[PDB]
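Data block for work_36.txt (compact mmCIF, C-alpha atoms and all ligand atoms):
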```txt
# COMPACT_ATOMS: atom_id res chain seq x y z
CA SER N 42 3.38 -2.12 13.51
CA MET N 43 1.17 -1.16 10.58
CA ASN N 44 2.82 -4.07 8.72
CA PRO N 45 2.16 -7.74 9.40
CA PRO N 46 4.94 -10.27 9.80
CA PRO N 47 6.06 -11.32 6.31
CA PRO N 48 4.63 -14.57 4.94
CA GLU N 49 6.44 -17.74 6.01
CA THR N 50 9.02 -18.97 3.49
CA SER N 51 10.29 -22.25 5.01
CA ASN N 52 8.60 -25.48 6.09
CA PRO N 53 10.99 -27.36 8.41
CA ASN N 54 9.02 -30.63 8.43
CA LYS N 55 8.07 -30.93 4.77
CA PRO N 56 9.97 -33.47 2.65
CA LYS N 57 12.10 -32.12 -0.18
CA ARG N 58 10.64 -32.86 -3.60
CA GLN N 59 11.19 -31.39 -7.06
CA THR N 60 8.82 -31.41 -9.97
CA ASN N 61 9.41 -30.34 -13.57
CA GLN N 62 6.87 -27.58 -13.03
CA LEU N 63 8.49 -26.30 -9.83
CA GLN N 64 11.87 -26.23 -11.60
CA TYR N 65 10.27 -24.23 -14.41
CA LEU N 66 8.60 -21.86 -11.97
CA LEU N 67 11.92 -21.01 -10.31
CA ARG N 68 14.39 -21.14 -13.19
CA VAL N 69 12.16 -19.71 -15.96
CA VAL N 70 9.14 -17.89 -14.51
CA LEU N 71 10.49 -16.30 -11.34
CA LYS N 72 13.91 -15.64 -12.85
CA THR N 73 12.43 -13.83 -15.86
CA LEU N 74 10.09 -11.68 -13.77
CA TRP N 75 12.74 -10.94 -11.14
CA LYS N 76 15.10 -9.41 -13.71
CA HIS N 77 12.43 -7.37 -15.49
CA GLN N 78 12.80 -3.60 -15.27
CA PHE N 79 9.37 -3.36 -13.55
CA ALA N 80 10.11 -5.97 -10.85
CA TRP N 81 11.24 -3.62 -8.09
CA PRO N 82 7.84 -2.73 -6.49
CA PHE N 83 7.14 -6.46 -6.25
CA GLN N 84 10.47 -7.80 -4.95
CA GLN N 85 9.56 -7.46 -1.25
CA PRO N 86 6.47 -7.18 0.96
CA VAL N 87 4.64 -3.86 0.75
CA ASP N 88 5.86 -1.60 3.58
CA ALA N 89 2.69 0.38 4.29
CA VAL N 90 4.54 2.60 6.78
CA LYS N 91 7.30 3.79 4.45
CA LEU N 92 4.98 3.97 1.42
CA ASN N 93 2.29 5.85 3.39
CA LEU N 94 -0.48 3.32 2.66
CA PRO N 95 -2.23 3.16 6.07
CA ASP N 96 -5.24 1.20 4.69
CA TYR N 97 -3.22 -1.32 2.64
CA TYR N 98 -3.42 -4.20 5.11
CA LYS N 99 -7.04 -3.36 5.91
CA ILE N 100 -7.90 -4.03 2.25
CA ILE N 101 -5.36 -6.73 1.33
CA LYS N 102 -6.16 -9.90 3.29
CA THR N 103 -3.45 -12.12 1.72
CA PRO N 104 -0.22 -10.16 1.23
CA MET N 105 2.06 -11.54 -1.47
CA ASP N 106 5.22 -10.49 -3.26
CA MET N 107 7.93 -11.99 -5.47
CA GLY N 108 10.58 -11.93 -2.73
CA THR N 109 8.38 -14.27 -0.72
CA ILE N 110 7.73 -16.43 -3.79
CA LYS N 111 11.44 -16.58 -4.62
CA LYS N 112 12.35 -17.67 -1.10
CA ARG N 113 9.51 -20.22 -1.07
CA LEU N 114 10.76 -21.77 -4.31
CA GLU N 115 14.39 -21.74 -3.14
CA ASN N 116 13.37 -23.38 0.16
CA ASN N 117 11.11 -25.96 -1.56
CA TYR N 118 8.19 -24.59 0.47
CA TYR N 119 5.56 -25.43 -2.16
CA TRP N 120 4.25 -28.97 -2.38
CA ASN N 121 3.13 -28.35 -5.96
CA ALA N 122 3.35 -25.79 -8.74
CA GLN N 123 -0.28 -24.73 -8.42
CA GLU N 124 0.40 -23.30 -4.95
CA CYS N 125 3.13 -21.13 -6.46
CA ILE N 126 0.96 -20.04 -9.41
CA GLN N 127 -1.72 -19.05 -6.90
CA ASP N 128 0.77 -16.84 -5.04
CA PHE N 129 1.64 -15.02 -8.28
CA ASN N 130 -2.07 -14.56 -9.01
CA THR N 131 -2.67 -13.23 -5.49
CA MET N 132 0.16 -10.71 -5.84
CA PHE N 133 -1.32 -9.33 -9.06
CA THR N 134 -4.87 -9.34 -7.66
CA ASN N 135 -3.72 -7.36 -4.62
CA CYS N 136 -2.22 -4.71 -6.89
CA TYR N 137 -5.33 -4.43 -9.06
CA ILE N 138 -7.82 -4.22 -6.18
CA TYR N 139 -5.86 -1.71 -4.05
CA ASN N 140 -4.37 0.72 -6.59
CA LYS N 141 -6.24 2.98 -8.96
CA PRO N 142 -6.47 1.80 -12.59
CA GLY N 143 -3.87 3.66 -14.59
CA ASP N 144 -1.57 4.22 -11.61
CA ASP N 145 1.99 3.50 -12.75
CA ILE N 146 2.13 0.54 -10.34
CA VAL N 147 -0.84 -1.06 -12.14
CA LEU N 148 0.73 -0.74 -15.59
CA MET N 149 3.90 -2.33 -14.23
CA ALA N 150 1.92 -5.19 -12.73
CA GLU N 151 0.11 -5.69 -16.03
CA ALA N 152 3.38 -5.94 -17.96
CA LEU N 153 4.72 -8.48 -15.45
CA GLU N 154 1.46 -10.45 -15.50
CA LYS N 155 1.52 -10.62 -19.29
CA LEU N 156 5.00 -12.11 -19.17
CA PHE N 157 3.96 -14.45 -16.35
CA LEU N 158 0.96 -15.72 -18.32
CA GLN N 159 3.09 -16.23 -21.44
CA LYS N 160 5.51 -18.40 -19.48
CA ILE N 161 2.65 -20.28 -17.81
CA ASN N 162 1.30 -21.14 -21.29
CA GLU N 163 4.50 -23.19 -21.65
CA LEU N 164 4.35 -24.82 -18.20
CA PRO N 165 5.71 -28.40 -18.40
CA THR N 166 3.42 -31.39 -18.20
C1 LIG T 1 2.80 -3.79 -4.74
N1 LIG T 1 2.94 -2.36 -4.50
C2 LIG T 1 4.19 -1.83 -4.33
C3 LIG T 1 4.42 -0.50 -4.12
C4 LIG T 1 5.81 0.01 -3.96
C5 LIG T 1 6.84 -0.81 -3.49
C6 LIG T 1 8.11 -0.31 -3.45
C7 LIG T 1 8.36 1.01 -3.87
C8 LIG T 1 9.65 1.59 -3.91
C9 LIG T 1 9.84 2.87 -4.36
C10 LIG T 1 11.24 3.38 -4.50
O1 LIG T 1 12.15 2.92 -3.82
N2 LIG T 1 11.44 4.30 -5.48
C11 LIG T 1 12.70 4.83 -5.84
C12 LIG T 1 13.47 5.52 -4.90
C13 LIG T 1 14.70 6.03 -5.27
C14 LIG T 1 15.18 5.86 -6.55
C15 LIG T 1 14.42 5.17 -7.48
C16 LIG T 1 13.17 4.64 -7.15
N3 LIG T 1 12.42 3.95 -8.07
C17 LIG T 1 8.74 3.64 -4.74
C18 LIG T 1 7.48 3.11 -4.72
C19 LIG T 1 7.26 1.78 -4.30
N4 LIG T 1 5.99 1.27 -4.35
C20 LIG T 1 3.25 0.36 -4.10
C21 LIG T 1 3.06 1.75 -3.92
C22 LIG T 1 1.72 1.99 -3.95
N5 LIG T 1 1.06 0.80 -4.13
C23 LIG T 1 1.97 -0.22 -4.24
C24 LIG T 1 1.77 -1.60 -4.47
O2 LIG T 1 0.69 -2.13 -4.67
```

What does the file become when written as structure tokens?
Ligand SMILES: Cn1cc(-c2ccc3cc(C(=O)Nc4ccccc4N)ccc3n2)c2cc[nH]c2c1=O
Amino acid sequence: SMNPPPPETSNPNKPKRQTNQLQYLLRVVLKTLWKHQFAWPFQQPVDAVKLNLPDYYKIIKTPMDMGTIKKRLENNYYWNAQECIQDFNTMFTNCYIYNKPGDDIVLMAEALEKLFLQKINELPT
């Protein structure tokens, strides 16, 4: 297929461990972004076939989306909050490097990123 396998979302041999920051990332950050009116293009991996983006996975080396992040948080896949923050950053970077500035998708990403950064400003210690 034009599309890669989706990113892994479970780690069967990793111990389960919560942190205050991981709780915040799921229950505050992800939840707020997931419900936002602009979330829909970011709730699942980019399907380059259906969206007619034949060069997407040539350009984007590290695919990322909020459906993957959500499942990773729910499955306790991340060892620490910084790994999760990096996935959010990667998802936004992918959007900004692939799509033309001023494309609707870019303005949506920017609105979501602004909300993300505001919540990250209040990340627990
Ligand atoms: C991250 N990302 C994501 C997308 C992405 C993903 C999911 C999409 C889904 C629809 C869709 O179902 N539209 C629809 C159909 C019927 C009724 C109402 C609506 N809104 C339309 C466009 C989509 N574009 C994208 C496209 C170019 N570049 C990117 C890009 O970088």

Quiz item: Between atom CA of residue N:69 and atom CA of residue N:161, what is the distance, to one decimal in Å?
Solution: 9.7 Å

Quiz prompt | Surroundings of ligand LIG 1 (chain T) up to 6 Å, based on only C-alpha atoms and all ligand atoms, as an NGL selection string | solution = :N and (82-83 or 87 or 136 or 140)

Quiz item: From the list N:129, N:104, N:149, N:52, which residue is nearest residue N:79 when using all atoms listed in the file?
Solution: N:149

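The gap separating atom CA of residue N:81 from atom CA of residue N:93 is 17.4 Å, in Å to one decimal.
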
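Residues in contact with stretch 130-134 of chain N at 9 Å, where only C-alpha atoms are counted and same-chain residues fewer than 3 positions away are skipped, are listed as residues 83, 103, 104, 105, 106, 107, 125, 126, 127, 137, 138, 139, 147, 150, 151, 153 and 154 of chain N.
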
How would the residues just chosen look if you wrote them out with C-alpha atoms as a compact mmCIF listing (two decimals), in the coordinates of the input?
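New file selection_10.txt:
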```txt
# COMPACT_ATOMS: atom_id res chain seq x y z
CA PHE N 83 7.14 -6.46 -6.25
CA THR N 103 -3.45 -12.12 1.72
CA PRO N 104 -0.22 -10.16 1.23
CA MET N 105 2.06 -11.54 -1.47
CA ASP N 106 5.22 -10.49 -3.26
CA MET N 107 7.93 -11.99 -5.47
CA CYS N 125 3.13 -21.13 -6.46
CA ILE N 126 0.96 -20.04 -9.41
CA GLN N 127 -1.72 -19.05 -6.90
CA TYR N 137 -5.33 -4.43 -9.06
CA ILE N 138 -7.82 -4.22 -6.18
CA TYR N 139 -5.86 -1.71 -4.05
CA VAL N 147 -0.84 -1.06 -12.14
CA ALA N 150 1.92 -5.19 -12.73
CA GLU N 151 0.11 -5.69 -16.03
CA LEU N 153 4.72 -8.48 -15.45
CA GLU N 154 1.46 -10.45 -15.50
```

Quiz item: Of the residues N:62, N:50, N:80, N:108, which is the one nearest to residue N:166, using all atoms listed in the file?
Solution: N:62

Practice problem: Go through N:145, N:128, N:163, N:115 and flag the residue nearest residue N:67, using all atoms listed in the file for the distances. | Solution: N:115

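Close contacts of residue N:43, defined as residues with an atom at most 12 Å away when counting only C-alpha atoms, with chain neighbours fewer than 5 positions off set aside, comprise residues 87, 88, 89, 90, 91, 92, 93, 94, 95, 96, 97, 98 and 99 of chain N.
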
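For the atom pair formed by atom CA of residue N:57 and atom CA of residue N:84, the distance is 24.8 Å, given to one decimal.
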
Quiz item: For residue N:124, which of N:58, N:63, N:102, N:53 is the closest residue, counting only C-alpha atoms?
Solution: N:63

Exercise. Would you mind telling me which residue in N:46, N:143, N:73, N:65 lies nearest to residue N:121 when using all atoms listed in the file?
Key: N:65

Quiz item: For residue N:152, which residue out of N:123, N:78, N:117, N:85 is the nearest one, using only C-alpha atoms?
Solution: N:78

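For residue N:49, the set of protein, DNA and RNA residues having any atom at most 10 Å away, when counting all atoms listed in the file and skipping those fewer than 4 positions along the same chain, is residues 109, 110, 112, 113 and 118 of chain N.
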
How would stretch 50-82 of chain N read, as an mmCIF file, in the coordinates of the input, once N, CA and C atoms are built in?
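Saved file rebuild_35.cif follows:
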```cif
data_model
loop_
_atom_site.group_PDB
_atom_site.id
_atom_site.type_symbol
_atom_site.label_atom_id
_atom_site.label_comp_id
_atom_site.auth_asym_id
_atom_site.auth_seq_id
_atom_site.Cartn_x
_atom_site.Cartn_y
_atom_site.Cartn_z
ATOM 1 N N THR N 50 8.319 -18.548 4.701
ATOM 2 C CA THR N 50 9.020 -18.970 3.490
ATOM 3 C C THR N 50 9.694 -20.327 3.603
ATOM 4 N N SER N 51 9.666 -20.953 4.776
ATOM 5 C CA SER N 51 10.290 -22.250 5.010
ATOM 6 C C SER N 51 9.306 -23.166 5.715
ATOM 7 N N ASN N 52 9.389 -24.459 5.406
ATOM 8 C CA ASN N 52 8.600 -25.480 6.090
ATOM 9 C C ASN N 52 9.568 -26.532 6.607
ATOM 10 N N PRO N 53 9.894 -26.509 7.906
ATOM 11 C CA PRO N 53 10.990 -27.360 8.410
ATOM 12 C C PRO N 53 10.663 -28.840 8.411
ATOM 13 N N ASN N 54 9.392 -29.223 8.318
ATOM 14 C CA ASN N 54 9.020 -30.630 8.430
ATOM 15 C C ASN N 54 8.416 -31.178 7.151
ATOM 16 N N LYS N 55 8.539 -30.454 6.060
ATOM 17 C CA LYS N 55 8.070 -30.930 4.770
ATOM 18 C C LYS N 55 9.210 -31.644 4.048
ATOM 19 N N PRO N 56 8.938 -32.795 3.442
ATOM 20 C CA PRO N 56 9.970 -33.470 2.650
ATOM 21 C C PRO N 56 10.352 -32.647 1.428
ATOM 22 N N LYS N 57 11.612 -32.780 1.021
ATOM 23 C CA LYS N 57 12.100 -32.120 -0.180
ATOM 24 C C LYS N 57 11.674 -32.900 -1.418
ATOM 25 N N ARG N 58 11.100 -32.200 -2.392
ATOM 26 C CA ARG N 58 10.640 -32.860 -3.600
ATOM 27 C C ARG N 58 10.552 -31.851 -4.734
ATOM 28 N N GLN N 59 11.207 -32.173 -5.844
ATOM 29 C CA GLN N 59 11.190 -31.390 -7.060
ATOM 30 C C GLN N 59 10.098 -31.909 -7.974
ATOM 31 N N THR N 60 9.576 -31.015 -8.800
ATOM 32 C CA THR N 60 8.820 -31.410 -9.970
ATOM 33 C C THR N 60 9.334 -30.598 -11.152
ATOM 34 N N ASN N 61 9.057 -31.091 -12.365
ATOM 35 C CA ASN N 61 9.410 -30.340 -13.570
ATOM 36 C C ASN N 61 8.795 -28.953 -13.522
ATOM 37 N N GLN N 62 7.544 -28.865 -13.070
ATOM 38 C CA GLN N 62 6.870 -27.580 -13.030
ATOM 39 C C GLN N 62 7.487 -26.643 -12.007
ATOM 40 N N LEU N 63 7.851 -27.156 -10.828
ATOM 41 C CA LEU N 63 8.490 -26.300 -9.830
ATOM 42 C C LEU N 63 9.851 -25.807 -10.320
ATOM 43 N N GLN N 64 10.613 -26.667 -11.005
ATOM 44 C CA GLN N 64 11.870 -26.230 -11.600
ATOM 45 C C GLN N 64 11.638 -25.108 -12.598
ATOM 46 N N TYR N 65 10.630 -25.274 -13.454
ATOM 47 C CA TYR N 65 10.270 -24.230 -14.410
ATOM 48 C C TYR N 65 9.863 -22.946 -13.710
ATOM 49 N N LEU N 66 9.064 -23.058 -12.651
ATOM 50 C CA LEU N 66 8.600 -21.860 -11.970
ATOM 51 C C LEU N 66 9.757 -21.062 -11.380
ATOM 52 N N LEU N 67 10.779 -21.746 -10.857
ATOM 53 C CA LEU N 67 11.920 -21.010 -10.310
ATOM 54 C C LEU N 67 12.856 -20.523 -11.415
ATOM 55 N N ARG N 68 13.280 -21.428 -12.294
ATOM 56 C CA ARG N 68 14.390 -21.140 -13.190
ATOM 57 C C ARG N 68 13.960 -20.371 -14.431
ATOM 58 N N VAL N 69 12.688 -20.447 -14.818
ATOM 59 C CA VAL N 69 12.160 -19.710 -15.960
ATOM 60 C C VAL N 69 11.236 -18.571 -15.520
ATOM 61 N N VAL N 70 10.169 -18.892 -14.790
ATOM 62 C CA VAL N 70 9.140 -17.890 -14.510
ATOM 63 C C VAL N 70 9.662 -16.830 -13.538
ATOM 64 N N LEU N 71 10.026 -17.253 -12.328
ATOM 65 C CA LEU N 71 10.490 -16.300 -11.340
ATOM 66 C C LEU N 71 11.727 -15.562 -11.834
ATOM 67 N N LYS N 72 12.689 -16.293 -12.405
ATOM 68 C CA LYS N 72 13.910 -15.640 -12.850
ATOM 69 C C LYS N 72 13.624 -14.549 -13.871
ATOM 70 N N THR N 73 12.737 -14.825 -14.835
ATOM 71 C CA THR N 73 12.430 -13.830 -15.860
ATOM 72 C C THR N 73 11.747 -12.603 -15.267
ATOM 73 N N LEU N 74 10.777 -12.812 -14.380
ATOM 74 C CA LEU N 74 10.090 -11.680 -13.770
ATOM 75 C C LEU N 74 11.019 -10.896 -12.862
ATOM 76 N N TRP N 75 11.870 -11.600 -12.111
ATOM 77 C CA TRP N 75 12.740 -10.940 -11.140
ATOM 78 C C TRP N 75 13.682 -9.947 -11.793
ATOM 79 N N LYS N 76 14.130 -10.242 -13.010
ATOM 80 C CA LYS N 76 15.100 -9.410 -13.710
ATOM 81 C C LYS N 76 14.446 -8.320 -14.541
ATOM 82 N N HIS N 77 13.122 -8.328 -14.652
ATOM 83 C CA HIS N 77 12.430 -7.370 -15.490
ATOM 84 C C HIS N 77 12.558 -5.976 -14.884
ATOM 85 N N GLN N 78 12.616 -4.964 -15.749
ATOM 86 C CA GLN N 78 12.800 -3.600 -15.270
ATOM 87 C C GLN N 78 11.679 -3.127 -14.338
ATOM 88 N N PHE N 79 10.497 -3.747 -14.391
ATOM 89 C CA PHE N 79 9.370 -3.360 -13.550
ATOM 90 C C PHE N 79 9.256 -4.209 -12.280
ATOM 91 N N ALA N 80 10.255 -5.038 -11.970
ATOM 92 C CA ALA N 80 10.110 -5.970 -10.850
ATOM 93 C C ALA N 80 10.165 -5.288 -9.492
ATOM 94 N N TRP N 81 10.860 -4.153 -9.394
ATOM 95 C CA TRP N 81 11.240 -3.620 -8.090
ATOM 96 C C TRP N 81 10.097 -3.382 -7.106
ATOM 97 N N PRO N 82 8.905 -2.903 -7.497
ATOM 98 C CA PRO N 82 7.840 -2.730 -6.490
ATOM 99 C C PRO N 82 7.317 -4.039 -5.933
#
```
